[PDB]
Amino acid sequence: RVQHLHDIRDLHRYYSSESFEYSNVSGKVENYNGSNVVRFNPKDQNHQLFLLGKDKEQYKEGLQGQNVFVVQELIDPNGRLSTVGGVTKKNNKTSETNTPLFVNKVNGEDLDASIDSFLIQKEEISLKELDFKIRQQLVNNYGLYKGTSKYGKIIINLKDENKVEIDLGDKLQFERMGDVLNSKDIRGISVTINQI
C-alpha cells in the first residue's frame, strides 16, 4: 500500500474512487508486519483495517460495534480490501450539519472564489472522511486534480481553538486518518487551490 501518490492522475483516481460506510463492526486486533489490522466482513468482501494513527492505541482491544469509513487502498493477494483508519465511535447519531465551505482557485493573477456548504451527518467524523469527501467535492465540483489544479491546502477551523491543515498535493498522511473531530465544533472550511 502506497502513502505518497505523486502524479495528478493518481490523486484524481484515489479521490474519485467510491467510498463506503459500515455500522456495528467488530474484530480482534490481528497484526500484519507490525501494522495493527482488524479483519471483518460487512457482506460480500473481507476487509482488513490498518490502525496506524491515534486509532492504534485507541483500539488496542479491537472494535466493538463502531462505524468505519472505508476507502480502497488495494486488494491484497488473498482478496482482502485494505483500508486505513476511518473509525468513528459506537453509535454516531445522524446529525444534519452544514458547515461553510469556501473554495478559492488562484490561477496566477486571477482569483476565483466561491461559497459552498459541506454536509456532515454524524456526531463525530474521522479526519479520513473529511479529507476524502471534501477532496471528492473539490475534484467533482471544482476541477481538482484535473489540468493545473493539484497543489494547495484545506484549512479547517475547529472550535476556534485548532487549525487542522491538510496539504492537497499528496494523499493525507496515513497516521492522521485515525483522528476524529466533533462535527458540531467545525466552524467552517476554507480551501485554496494554488494552480501552477
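All residue numbers are counted from 1 along the displayed sequence.
According to the PDB record, 30 to 38 carries the higher mean C-alpha B-factor of the two stretches 65 to 73 and 30 to 38.
Of the two segments examined, 144 to 152 and 51 to 59, it is 51 to 59 that shows the higher average Cα temperature factor in the deposited entry. The PDB entry assigns the greatest CA B-factor among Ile193, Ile189, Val2, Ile196 to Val2. In the deposited coordinates, the residue among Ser126, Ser117, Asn92, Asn104 with the greatest CA B-factor is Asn92. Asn78: CA B factor in the lowest third of modelled residues in this chain (values from the PDB entry). Per the PDB record, residue ranking by Cα B-factor puts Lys43 in the highest third of the chain.
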